[PDB]
Amino acid sequence: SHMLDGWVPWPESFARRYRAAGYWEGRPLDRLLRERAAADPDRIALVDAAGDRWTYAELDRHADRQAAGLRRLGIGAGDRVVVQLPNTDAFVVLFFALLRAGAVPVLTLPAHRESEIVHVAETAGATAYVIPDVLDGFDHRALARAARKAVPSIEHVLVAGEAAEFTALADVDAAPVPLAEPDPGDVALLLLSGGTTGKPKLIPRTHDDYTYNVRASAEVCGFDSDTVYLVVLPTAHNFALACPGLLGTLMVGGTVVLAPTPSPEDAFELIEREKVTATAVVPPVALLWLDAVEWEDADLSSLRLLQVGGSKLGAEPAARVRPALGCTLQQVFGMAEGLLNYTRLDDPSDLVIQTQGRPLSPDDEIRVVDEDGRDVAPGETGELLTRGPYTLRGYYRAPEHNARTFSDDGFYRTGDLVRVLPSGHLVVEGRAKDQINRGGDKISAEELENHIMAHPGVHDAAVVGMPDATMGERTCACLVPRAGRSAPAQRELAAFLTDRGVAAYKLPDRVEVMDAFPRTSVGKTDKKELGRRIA
Ligand SMILES: Nc1ncnc2c1ncn2[C@@H]1O[C@H](COP(=O)(O)OC(=O)c2ccccc2)[C@@H](O)[C@H]1O
Ligand SMILES: [Mg+2]
């Protein structure tokens, strides 16, 4: 019996291998803090952007108090809680308090709006929603009111700030209570995938596979008690949470330092002030920092490791990382679904510059296949399929999408196009999935098309990616105007999408209007040819 239904557990044969190999160590996710705080209670665990800092024993205690307060509210074993918080200490405490209460965090980003939040809350049948009050000029409590009208299961709303009619997250606090450990083979959290279908999809990560993700990534990244990790991406991003992210920093006893934004203004000062040794960024932020050192005077010398992932860093800026930033580059080809590829920190610089890494686990299995599903010859380009000790066997409550996306023997189809080199390192060559990668931000084309076509002037919509030198891809919305009406232009369509509740990173960069969409045989919209007609 598993505490949650709607997910697809590993076959018992694989489970026994991964336990025998020491990958699945049988420990709840919250135990990495409990254990580090018992051994190093007085070490500084967490620093925020203001300079406020907390020990391991203070983090562990506060998480115990907030787990107790959550239970006084009825948020307990197996309930799903949508979490949408900025890079604050409030997120870190709530993450471990939800785990210790038995609740399942459903992690969303600050940029997500009503469309994403309502669907994610509905799919998970979430019983609570955790928000800030106002962030980047948006009042998230308005969003929480709209979410509660569409999703009746939401009983509580916890606000990191002025809670209005809702519950203040700071008041969720009570004397610690003995709370039962969860089964380590159960789902610990739900991640939001970037998406390839009309509706976002949630990824269950179990305690055993996510601990191993964190533990093995910290080993390969040299994370130790002397690591000062700067959280530049959102705390809810798998990359900054667990690869090794903040959980890996806390697992080994380093210091987590929270950045409010990735701008040099904020990031470079925290690196100088806190003596940050490691961080992780997307390539657009990499290029910015690579530029900004020529007019910023911050001392960044404590930097030892810059991870760059989410999209492919080019070889020319990759080669600039050591001269400009004085640190080692690690390319990270990962996914919230599982498989992580890392360059090794002592790889020859050729491989750190030209490749996106090699798999994290000895039991990560890699297949590269052609259109006919057939394995390619060595060193040819095909679609990557993967199976392993921390890669999901199925999305959460998405059986139709599961039947298209995983092979009969359990291989997850990444939708990425790759080459495997003789050393085992991968080179990302492109994408088979219909998903735009806008500076690391993933845009499901089908989701956005369903949004655009709901506009009264749009009949059909085909969303196509465009190369961009600094963003990697931008978004073009190709529109067939509704019969005898005028399709909207770029600013009006963007305004319609915002009020419909679409995250701002999914707003099209460009609008193209045409009479019909190029079609292949079988009658599907040819977006390879649109990529040409719109050029
Ligand atoms: N270094 C890279 N080069 C080229 N493409 C990369 C890449 N890293 C991710 N990708 C692409 O993002 C997809 C997964 O994105 P996701 O938002 O779930 O998480 C990371 O994006 C993510 C999660 C954990 C660690 C790192 C990135 C991958 O399938 C791939 O298409
Ligand atoms: Mg340095």
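Just follow the structure's listing: the first ligand is 1, and inside any ligand the first atom is 1. Residue indices begin at 1 and follow the sequence shown. The analysis underlying the following values was restricted to heavy atoms, covering all of them including side chains, and did not include hydrogens, waters or symmetry mates.
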With a 4.0 Å cut-off on heavy atoms, is [X] in contact with ligand 1?
| X | result |
| --- | --- |
| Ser311 | yes |
| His237 | yes |
| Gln307 | no |

With no hydrogens and no angle check, do the side chains of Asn402 and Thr405 hold a donor and an acceptor under 3.5 Å apart? no

Scan side-chain atoms only and decide if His112 and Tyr505 contain a donor-acceptor pair under the 3.5 Å cut-off.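 Result is yes, a qualifying pair exists.
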
Can an N or O of [X] be found at a distance shorter than 3.5 Å from an N or O of ligand 1?
| X | result |
| --- | --- |
| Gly194 | no |
| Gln356 | no |
| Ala336 | yes |

Pairwise side-chain contact, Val120 with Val106, heavy-atom cut-off 4.5 Å (strictly under): yes

Please state which protein non-hydrogen atom is closest to [atom] and give its distance, to 0.1 Å?
| atom | answer |
| --- | --- |
| atom 4 (C) of ligand 1 | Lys312 N, 3.3 Å |
| atom 9 (C) of ligand 1 | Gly334 O, 3.1 Å |
| atom 10 (N) of ligand 1 | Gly310 O, 3.4 Å |
| atom 17 (O) of ligand 1 | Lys442 NZ, 3.4 Å |
| atom 1 (N) of ligand 1 | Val332 O, 2.4 Å |
| atom 29 (O) of ligand 1 | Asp416 OD2, 2.7 Å |

Under the side chain to side chain donor-acceptor pair (under 3.5 Å) test, residues paired with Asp136 that sit two or more places apart: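 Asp136 satisfies side chain to side chain donor-acceptor pair (under 3.5 Å) with no other residue.
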
Within 4.0 Å of some non-hydrogen atom of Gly309, the atoms of ligand 1 are 1 (N)

Quick one: side chains of residues 241-260, donor-acceptor pairs under 3.5 Å with protein atoms, not counting sequence neighbours, listed by atom name and distance.
unit_1, atom_1, unit_2, atom_2, d
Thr249, OG1, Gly245, O, 3.1
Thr255, OG1, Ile44, O, 2.9

Quick check: does any side chain N or O of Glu449 sit under 3.5 Å from a backbone N or O of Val463, one acting as donor and the other as acceptor? yes

Going by the angle between their ring planes, with limits at 30° and 60°, are [X] and [Y] parallel, tilted or perpendicular?
| X | Y | answer |
| --- | --- | --- |
| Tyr395 | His401 | tilted |
| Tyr23 | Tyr212 | tilted |
| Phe14 | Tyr18 | tilted |

Would you please indicate if the ring centroids of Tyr396 and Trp7 are separated by under 6.0 Å? no

Please confirm whether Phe268 and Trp289 have ring centers closer than 6.0 angstrom. yes

Flag yes if more than 12 heavy atoms outside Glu265 fall under 6.0 Å of its CD atom; otherwise flag no.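 At most 12 heavy atoms, drawn from other residues, nucleotides or ligands, come within 6.0 Å of this atom.
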
Distance below 2.8 Å from the Mg ion (ligand 2): how many protein N/O/S atoms qualify? 3

Do any side-chain atoms of residues 281-288 form donor-acceptor pairs under 3.5 angstrom with protein atoms, and if so which ones, sequence neighbours left out?
none

Side chain or backbone of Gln331 under 4.0 Å from ligand 1, or both, or neither, by non-hydrogen atoms? neither

